[PDB]
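Visitor: Okay, here's the structure, questions in a sec.
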Amino acid sequence: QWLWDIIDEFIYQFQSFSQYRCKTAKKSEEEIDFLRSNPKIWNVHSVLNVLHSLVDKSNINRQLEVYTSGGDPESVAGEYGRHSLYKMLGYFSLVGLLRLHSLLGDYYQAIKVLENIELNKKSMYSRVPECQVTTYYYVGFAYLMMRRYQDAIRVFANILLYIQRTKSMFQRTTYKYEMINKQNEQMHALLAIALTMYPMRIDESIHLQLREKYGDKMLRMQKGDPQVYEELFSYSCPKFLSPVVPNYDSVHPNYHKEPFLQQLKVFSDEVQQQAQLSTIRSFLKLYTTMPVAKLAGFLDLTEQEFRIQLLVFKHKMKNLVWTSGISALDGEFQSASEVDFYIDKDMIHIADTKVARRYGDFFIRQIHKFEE
Amino acid sequence: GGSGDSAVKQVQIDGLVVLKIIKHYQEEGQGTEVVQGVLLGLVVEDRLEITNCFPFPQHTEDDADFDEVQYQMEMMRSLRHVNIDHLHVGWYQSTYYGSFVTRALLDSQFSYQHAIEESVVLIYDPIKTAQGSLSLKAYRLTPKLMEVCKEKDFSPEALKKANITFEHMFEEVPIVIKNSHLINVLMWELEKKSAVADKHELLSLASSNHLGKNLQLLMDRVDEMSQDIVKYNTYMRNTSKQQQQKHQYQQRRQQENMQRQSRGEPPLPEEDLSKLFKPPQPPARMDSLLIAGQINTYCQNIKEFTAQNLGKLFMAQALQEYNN
Amino acid sequence: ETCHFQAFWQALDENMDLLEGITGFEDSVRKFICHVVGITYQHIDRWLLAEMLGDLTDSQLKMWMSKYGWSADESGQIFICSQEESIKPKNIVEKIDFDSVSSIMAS
Amino acid sequence: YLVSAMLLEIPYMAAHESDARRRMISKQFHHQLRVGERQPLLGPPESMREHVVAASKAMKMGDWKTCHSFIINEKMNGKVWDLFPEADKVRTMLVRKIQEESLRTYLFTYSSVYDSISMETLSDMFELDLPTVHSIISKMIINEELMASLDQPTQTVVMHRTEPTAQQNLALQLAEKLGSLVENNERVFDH
Amino acid sequence: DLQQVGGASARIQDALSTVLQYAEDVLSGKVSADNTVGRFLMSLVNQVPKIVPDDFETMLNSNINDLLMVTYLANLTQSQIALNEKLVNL
């Protein structure tokens, strides 16, 4: 009862404020102007937007994942709760992007994604690191869903770096500080499995404490064990969807695991054959143009007799991960071995290091201010 | 008003001064820092103007030893008789290894600045820093330290004057941007000694060619800076180590001994309890690194910023020149 | 998705009139077969390209031959793409980032 | 004692001054060599200390030749040689070790200069044989962690390990890296 | 200032080499660069730049990649000159 005394009092206070949101932003200049003046912080005004991003999503996820029939939650929020706030004229501040990226978050859990196009187009206001890191969060996830593994893996690198010149300080990632650490860790780990004999960019993204364990995971996954298919997929699911609260686990109510059938089994199909793409590339491409010695050496390696070695070989070159040609008279297999790049880290660091100098020189000149 | 703090203006160093500096250029004090002369000048429009120097020599055999001031007194009369007066408003040591303001140079300066507050201290840096940037380094001493005057002792007034927190990244004045008005004659010589007797002009200019080609300039800079700077870095680290151990690591053990006493014995002392903390020499903030050492962090960043720059220029010129 | 085009046309049941009832569907999948052929073949055999498109005849294959400008080669494959035109490496070439790096290191 | 340590430490310091230095240990033969090293005035050795210093300098230069000086002459002076019937054995034991570790001291410096090596030369020059020089160079490139690629059937090494500027760069990289590490102690003390 | 009067020399050179070419272009001339400046310029291109393979260009690049890595390491050391100076002040 204490459970749904808290839950219901969030939504009823948000439904209250939703009317104030629509009322102030659009037309009442003097009410906005009166609100600019009185406090020393306009931070109180702005926080309440994306504070209610993740708290409302929790409360609606509970009501979603308790009532699976005669749907009250999902059409009320979708119609009224979300579109009224966002579709109409933005408040003049970062609040226009806050309500945008609150809506982008709400739009993310729903698996209907195609208006990521126009959400970026309506992000007219400048990309502050606060708004930008949370844009690249979802935009990278959108590329992860687009099967643009090579694009998305770069986008996850920067947001996990912790020299995007974040400083926070006053609770703008609060109570989920390490979610940004572990979700970017996790979703980057899936992308490494698909392609990698290219980056050589994983050094920047993830630190060696985790690179060591996730490194051996990919190898153990693709080569010799489907065990990593399990444990990777266990950690990947809470982070792929982001279901903010799983409901109280008990057998007396059912009500909760039924949505989790869909939610989970939706992502089963993702990692299923995308993982089995990996093992083909896993065997290093030892000799770039393969004669009879190496082509048969690789067709001994693909699968054994008899039936249907060549067919399966020529099915898998198509996907994205080989570029090659067949010759008839020679009987020769000629192929493409492409590689990435060595050092791209140093020249990106040359400014980052100078920020270690800068905020060094600056913070002590704030202490040199005080004790002088 | 670009004028300095609370007794003085900027400095202007007339060209005939710097000619007389590069006469005792970098010898008579190569590997030894020797005060090569006093800067004699006068208060001019928004600046001092050092119009003449006379050099101060010393017993430079291979070590420097201070001599009778019979030199300086007779030579400052020698100036006074044909020219102005003894008007020593600074001094110049060139001398040894691209611009560096040593603790000794800070102490000699402190005696100089408190005595006559119309002063700067020059550090004339020629080709040795790979020339390079900030050839004339001026620097006067903060009037804060001339108000918390002597002395920064190891425990009292190291900590206390560290807590006052006077500058040690303190401002350095610009030196030239203007007509000195003794441009005059040396202007007239330019037309003579260019074109129709450009022997000695071209001789000086083609010095550049061999500043590039031959033996290990930037290499030797970065080599000497690989040794000079790692010395200083290691020193702060082991200085900081021992002091931070007296600050916390010793408090850690003795307060865990204060546990055992139970912090009070009613019938009689509390000898043990009293004789916990009995002073080691740093209680906090060893000052002479924090001030004077940090003036050389600034100078070491400067040497690095200098040695970098001429490198940056080549990295443009090299690529580009061959690109045609 | 796994690009088993041989198995695709085998797998088809021909009694499901709905799959006949989608207009241009039978050619669309063929156009996607030939689309990925261009990306990852330099040549393909005449019998091979036939079989991937559902065991085409000599005359049926004339459409697909003409579609992307493909034409016969000596003994006896169908040309798809030039060897250097297919591969497109964008590998090792950087460290030419001088201009930006000196613009930021300018002061 | 001073000769036992010699074969251990002269490759060790050859390695160190090729910038493998952090393993430099005082109060050892390092010190006992140091006190004799810092003579401005040594010409021919006439003390057993000085004969050790003499053979030490020869080992640094990496010439076998300089080992033999002290092993013959000072051992007759000195009758270090003449107290064992097994000096005959211990000769051979000293000699081949000198020839192997002098090769190693030579290699610790010279390997920047190389592009490749006739491994046959090394056998001929340091008076060793190919089976052993295989096993030596094999052990070396495994455990001294060199950037050599070693063709053992062809009797060839292909190395190409740079850079002379590295001696400065790795040194300031260390001077740098030493910063953060002591600094974390200054943190952990403070808190 | 030595840099931007650098290419100025090459620009006033472009002026003069034009006039020495143009002497021949109008009527006749260029004795003036037949084997006087013709020998100066062969020497000039034997100095700056060097000879022209592409092995040169890659070695020149590798030298800049080294110089830049050293100039970079000078800013890395400025950063650590800062960081130890800072914790002591804290």
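Going through the structure tokens in order, the chains are called A, B, and so on, while each chain numbers its residues from 1 and the ligands are numbered from 1 in the order shown.
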What's the 8 Å shell around residue 276 of chain A, counting only C-alpha atoms, without same-chain residues fewer than 4 positions away, as a ChimeraX atom specification?
Guide: /A:222,272,280
Visitor: If we count only C-alpha atoms, what is near residue 19 of chain E at a cut-off of 10 Å, once residues fewer than 5 positions away on the same chain are taken out, given as a count of residues only?
Guide: 6
Visitor: Would you mind listing, for every residue of chain C within 12 Å of chain E, the two atoms forming the shortest contact and the distance between them in Å to one decimal, using only C-alpha atoms, sorted by chain and ascending residue number, as a Markdown table?
Guide:
```
| residue | atom | partner | partner_atom | distance |
| --- | --- | --- | --- | --- |
| C:93 | CA | E:58 | CA | 11.4 |
| C:94 | CA | E:61 | CA | 11.0 |
| C:95 | CA | E:65 | CA | 7.5 |
| C:96 | CA | E:61 | CA | 8.9 |
| C:97 | CA | E:65 | CA | 10.5 |
| C:98 | CA | E:68 | CA | 9.1 |
| C:101 | CA | E:68 | CA | 9.7 |
| C:102 | CA | E:68 | CA | 9.8 |
| C:105 | CA | E:72 | CA | 9.6 |
```
Visitor: Using C-alpha atoms, can you write the selected residues to a file as a PDB file, in the first residue's frame?
Guide:
```
ATOM      1  CA  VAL C  93      46.778   6.916 -44.301  1.00  0.00           C
ATOM      2  CA  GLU C  94      46.273   9.411 -41.415  1.00  0.00           C
ATOM      3  CA  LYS C  95      48.881  11.437 -39.438  1.00  0.00           C
ATOM      4  CA  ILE C  96      48.175  14.312 -41.837  1.00  0.00           C
ATOM      5  CA  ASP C  97      46.295  16.130 -39.044  1.00  0.00           C
ATOM      6  CA  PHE C  98      49.033  18.798 -38.763  1.00  0.00           C
ATOM      7  CA  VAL C 101      46.867  20.344 -34.203  1.00  0.00           C
ATOM      8  CA  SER C 102      49.085  23.390 -34.864  1.00  0.00           C
ATOM      9  CA  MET C 105      48.875  24.512 -30.274  1.00  0.00           C
TER      10      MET C 105
END
```
Visitor: Please measure the separation of atom CA of residue 93 of chain B and atom CA of residue 127 of chain B, giving the value in Å to one decimal.
Guide: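 Interatomic distance here is 15.1 Å.
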Visitor: Select residues of chain E: the criterion is any atom within 8 Å of an atom of chain D, counting only C-alpha atoms; output as a ChimeraX atom specification.
Guide: /E:70,73,76-77,80,83-84,87
Visitor: Please, which residues in chain A fall within 9 Å of chain C when counting only C-alpha atoms, and what is the closest atom pair and distance in Å to one decimal for each, ordered by chain then residue number, as a Markdown table?
Guide:
```
| residue | atom | partner | partner_atom | distance |
| --- | --- | --- | --- | --- |
| A:273 | CA | C:2 | CA | 8.0 |
| A:277 | CA | C:2 | CA | 8.7 |
| A:311 | CA | C:4 | CA | 8.2 |
| A:312 | CA | C:4 | CA | 7.8 |
| A:314 | CA | C:4 | CA | 8.5 |
| A:315 | CA | C:3 | CA | 5.3 |
| A:316 | CA | C:2 | CA | 6.9 |
| A:317 | CA | C:40 | CA | 7.1 |
| A:318 | CA | C:40 | CA | 6.0 |
| A:319 | CA | C:2 | CA | 6.6 |
| A:320 | CA | C:40 | CA | 8.1 |
| A:322 | CA | C:40 | CA | 6.8 |
| A:323 | CA | C:40 | CA | 4.5 |
| A:324 | CA | C:41 | CA | 5.5 |
| A:325 | CA | C:42 | CA | 4.5 |
| A:326 | CA | C:43 | CA | 6.0 |
| A:327 | CA | C:43 | CA | 7.1 |
| A:328 | CA | C:77 | CA | 7.1 |
| A:329 | CA | C:75 | CA | 7.1 |
| A:335 | CA | C:87 | CA | 8.4 |
| A:336 | CA | C:87 | CA | 6.2 |
| A:337 | CA | C:87 | CA | 8.7 |
| A:338 | CA | C:89 | CA | 6.2 |
| A:339 | CA | C:91 | CA | 5.7 |
| A:340 | CA | C:91 | CA | 4.9 |
| A:341 | CA | C:92 | CA | 4.9 |
| A:342 | CA | C:92 | CA | 7.5 |
| A:343 | CA | C:95 | CA | 8.4 |
| A:344 | CA | C:95 | CA | 8.2 |
| A:347 | CA | C:101 | CA | 7.2 |
| A:350 | CA | C:101 | CA | 8.2 |
| A:351 | CA | C:104 | CA | 8.0 |
```
Visitor: Counting only C-alpha atoms, a student should be able to say which residues of chain A come within 10 Å of chain E; what is the right answer, written as a PDB file with N, CA and C atoms, in the first residue's frame?
Guide:
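Result saved to selection-v1.pdb:
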```pdb
ATOM      1  N   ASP A 346      46.756   9.895 -29.481  1.00  0.00           N
ATOM      2  CA  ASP A 346      47.663  10.949 -29.060  1.00  0.00           C
ATOM      3  C   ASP A 346      47.150  12.318 -29.403  1.00  0.00           C
ATOM      4  N   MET A 347      46.781  12.542 -30.683  1.00  0.00           N
ATOM      5  CA  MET A 347      46.327  13.828 -31.163  1.00  0.00           C
ATOM      6  C   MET A 347      44.963  14.232 -30.638  1.00  0.00           C
ATOM      7  N   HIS A 349      44.296  13.327 -27.433  1.00  0.00           N
ATOM      8  CA  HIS A 349      44.738  13.559 -26.079  1.00  0.00           C
ATOM      9  C   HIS A 349      45.383  14.899 -25.900  1.00  0.00           C
ATOM     10  N   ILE A 350      45.959  15.511 -26.962  1.00  0.00           N
ATOM     11  CA  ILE A 350      46.762  16.716 -26.869  1.00  0.00           C
ATOM     12  C   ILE A 350      46.012  17.906 -26.284  1.00  0.00           C
ATOM     13  N   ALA A 351      44.663  17.932 -26.459  1.00  0.00           N
ATOM     14  CA  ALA A 351      43.783  18.888 -25.832  1.00  0.00           C
ATOM     15  C   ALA A 351      43.333  18.419 -24.470  1.00  0.00           C
ATOM     16  N   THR A 353      44.863  16.340 -22.204  1.00  0.00           N
ATOM     17  CA  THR A 353      45.993  16.569 -21.330  1.00  0.00           C
ATOM     18  C   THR A 353      46.111  18.011 -20.902  1.00  0.00           C
ATOM     19  N   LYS A 354      45.836  18.958 -21.831  1.00  0.00           N
ATOM     20  CA  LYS A 354      45.909  20.376 -21.592  1.00  0.00           C
ATOM     21  C   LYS A 354      44.773  20.840 -20.709  1.00  0.00           C
ATOM     22  N   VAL A 355      43.628  20.111 -20.678  1.00  0.00           N
ATOM     23  CA  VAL A 355      42.560  20.286 -19.709  1.00  0.00           C
ATOM     24  C   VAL A 355      42.960  19.814 -18.320  1.00  0.00           C
ATOM     25  N   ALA A 356      43.846  18.795 -18.193  1.00  0.00           N
ATOM     26  CA  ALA A 356      44.417  18.409 -16.916  1.00  0.00           C
ATOM     27  C   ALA A 356      45.361  19.458 -16.373  1.00  0.00           C
ATOM     28  N   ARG A 357      46.069  20.179 -17.275  1.00  0.00           N
ATOM     29  CA  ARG A 357      46.854  21.353 -16.959  1.00  0.00           C
ATOM     30  C   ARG A 357      45.968  22.515 -16.587  1.00  0.00           C
ATOM     31  N   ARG A 358      44.857  22.722 -17.339  1.00  0.00           N
ATOM     32  CA  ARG A 358      44.024  23.904 -17.320  1.00  0.00           C
ATOM     33  C   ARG A 358      43.306  23.983 -16.013  1.00  0.00           C
ATOM     34  N   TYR A 359      42.465  22.971 -15.696  1.00  0.00           N
ATOM     35  CA  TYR A 359      41.659  22.916 -14.500  1.00  0.00           C
ATOM     36  C   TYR A 359      42.529  22.685 -13.276  1.00  0.00           C
ATOM     37  N   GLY A 360      43.766  22.154 -13.470  1.00  0.00           N
ATOM     38  CA  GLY A 360      44.848  22.225 -12.507  1.00  0.00           C
ATOM     39  C   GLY A 360      45.205  23.638 -12.151  1.00  0.00           C
ATOM     40  N   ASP A 361      45.629  24.433 -13.165  1.00  0.00           N
ATOM     41  CA  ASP A 361      45.996  25.833 -13.056  1.00  0.00           C
ATOM     42  C   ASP A 361      44.856  26.695 -12.567  1.00  0.00           C
ATOM     43  N   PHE A 362      43.592  26.284 -12.815  1.00  0.00           N
ATOM     44  CA  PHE A 362      42.420  27.068 -12.531  1.00  0.00           C
ATOM     45  C   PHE A 362      41.968  26.789 -11.129  1.00  0.00           C
ATOM     46  N   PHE A 363      41.831  25.500 -10.721  1.00  0.00           N
ATOM     47  CA  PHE A 363      41.289  25.148  -9.423  1.00  0.00           C
ATOM     48  C   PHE A 363      42.142  25.650  -8.280  1.00  0.00           C
ATOM     49  N   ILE A 364      43.486  25.601  -8.421  1.00  0.00           N
ATOM     50  CA  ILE A 364      44.413  26.147  -7.454  1.00  0.00           C
ATOM     51  C   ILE A 364      44.432  27.651  -7.441  1.00  0.00           C
ATOM     52  N   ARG A 365      44.080  28.323  -8.558  1.00  0.00           N
ATOM     53  CA  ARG A 365      43.853  29.753  -8.589  1.00  0.00           C
ATOM     54  C   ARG A 365      42.490  30.145  -8.054  1.00  0.00           C
ATOM     55  N   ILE A 367      41.722  28.328  -5.137  1.00  0.00           N
ATOM     56  CA  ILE A 367      42.190  28.194  -3.773  1.00  0.00           C
ATOM     57  C   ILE A 367      43.089  29.362  -3.427  1.00  0.00           C
ATOM     58  N   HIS A 368      43.950  29.821  -4.373  1.00  0.00           N
ATOM     59  CA  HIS A 368      44.777  31.011  -4.264  1.00  0.00           C
ATOM     60  C   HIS A 368      43.959  32.273  -4.154  1.00  0.00           C
TER      61      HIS A 368
END
```
Visitor: How would you write, as a ChimeraX atom specification, the set of residues in segment 161-244 of chain A that DSSP gives as helix (DSSP H, G or I)?
Guide: /A:179-195,202-205,208-224,228-240
Visitor: Would you write out, as JSON lines, a table of all residues in chain B that have an atom no more than 6 Å from an atom of chain D, listing for each the closest atom pair and the distance in Å to one decimal, considering only C-alpha atoms and ordering rows by chain and rising residue number?
Guide:
```
{"residue": "B:226", "atom": "CA", "partner": "D:172", "partner_atom": "CA", "distance": 5.6}
{"residue": "B:230", "atom": "CA", "partner": "D:175", "partner_atom": "CA", "distance": 5.4}
{"residue": "B:248", "atom": "CA", "partner": "D:189", "partner_atom": "CA", "distance": 5.9}
```
Visitor: Do you know which residues are at most 10 Å from segment 59-71 of chain C counting only C-alpha atoms, after dropping those on the same chain fewer than 4 positions away, and could you put them as a list in words?
Guide: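 My reading of the contact set: residues 30, 31, 34, 35, 38, 43, 46, 47, 49, 50, 53, 55, 77, 78, 79, 80 and 81 of chain C.
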Visitor: Output as a ChimeraX atom specification the set of chain B residues within 6 Å of chain E, with distances taken over only C-alpha atoms.
Guide: /B:301,304,308,322
Visitor: As a PyMOL selection string, please: the residues near segment 137-150 of chain B (cut-off 9 Å, only C-alpha atoms, same-chain neighbours under 2 positions excluded).
Guide: chain B and resi 4-6+11+90+99+106+109-110+113-114+117+119-125+134-135+152-153+161+166-168+170-175
Visitor: Starting from chain B, keep only residues with some atom at most 9 Å from an atom of chain C, counting only C-alpha atoms, and report them as a list in words.
Guide: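 The contacting residues on chain B are residues 309, 312, 315 and 316 of chain B.
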Visitor: Could you dump the residues just selected with C-alpha atoms as a short mmCIF file (atom, residue, chain, number, x, y, z; two decimals), in the first residue's frame?
Guide:
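What ended up in out.cif:
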```cif
data_model
loop_
_atom_site.label_atom_id
_atom_site.label_comp_id
_atom_site.auth_asym_id
_atom_site.auth_seq_id
_atom_site.Cartn_x
_atom_site.Cartn_y
_atom_site.Cartn_z
CA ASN B 309 57.62 26.69 -30.60
CA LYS B 312 56.13 23.91 -34.34
CA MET B 315 56.73 21.14 -38.58
CA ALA B 316 54.88 23.64 -40.75
#
```
Visitor: Can you list, as a ChimeraX atom specification, every residue of segment 160-357 of chain A that DSSP puts in strand (DSSP E)?
Guide: /A:289-290,324-326,333-335
Visitor: Those same residues - N, CA and C atoms - I'd like them written as an mmCIF file, in the first residue's frame.
Guide:
```cif
data_model
loop_
_atom_site.group_PDB
_atom_site.id
_atom_site.type_symbol
_atom_site.label_atom_id
_atom_site.label_comp_id
_atom_site.auth_asym_id
_atom_site.auth_seq_id
_atom_site.Cartn_x
_atom_site.Cartn_y
_atom_site.Cartn_z
ATOM 1 N N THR A 289 45.351 -13.287 -50.542
ATOM 2 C CA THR A 289 44.834 -13.901 -51.734
ATOM 3 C C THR A 289 45.201 -15.338 -51.566
ATOM 4 N N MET A 290 44.175 -16.217 -51.545
ATOM 5 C CA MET A 290 44.325 -17.590 -51.147
ATOM 6 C C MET A 290 44.433 -18.455 -52.383
ATOM 7 N N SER A 324 35.310 -9.934 -52.124
ATOM 8 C CA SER A 324 36.103 -10.965 -52.742
ATOM 9 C C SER A 324 35.622 -11.194 -54.147
ATOM 10 N N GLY A 325 36.254 -12.164 -54.850
ATOM 11 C CA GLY A 325 35.926 -12.515 -56.206
ATOM 12 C C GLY A 325 36.334 -13.941 -56.416
ATOM 13 N N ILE A 326 35.596 -14.624 -57.326
ATOM 14 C CA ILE A 326 35.836 -15.986 -57.748
ATOM 15 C C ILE A 326 36.389 -15.911 -59.153
ATOM 16 N N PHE A 333 40.677 -17.877 -55.496
ATOM 17 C CA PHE A 333 39.891 -17.116 -54.571
ATOM 18 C C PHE A 333 40.773 -15.961 -54.206
ATOM 19 N N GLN A 334 40.301 -14.731 -54.502
ATOM 20 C CA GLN A 334 41.050 -13.533 -54.224
ATOM 21 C C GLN A 334 40.145 -12.744 -53.342
ATOM 22 N N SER A 335 40.712 -12.069 -52.315
ATOM 23 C CA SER A 335 39.891 -11.491 -51.286
ATOM 24 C C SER A 335 40.557 -10.249 -50.776
#
```
Visitor: Expressed in Å to a single decimal, how great is the separation between atom CA of residue 5 of chain A and atom CA of residue 64 of chain A?
Guide: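 Distance between the two atoms: 17.0 Å.
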Visitor: Figure out the distance between atom CA of residue 97 of chain D and atom CA of residue 145 of chain D, please, to one decimal in Å.
Guide: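 Computing the Euclidean distance for atom CA of residue 145 of chain D and atom CA of residue 97 of chain D yields 20.6 Å.
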Visitor: For residue 14 of chain C, which residue among C:85, C:58, C:26, C:73 is the nearest when counting only C-alpha atoms?
Guide: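 That would be C:26, the residue with the smallest distance to residue 14 of chain C.
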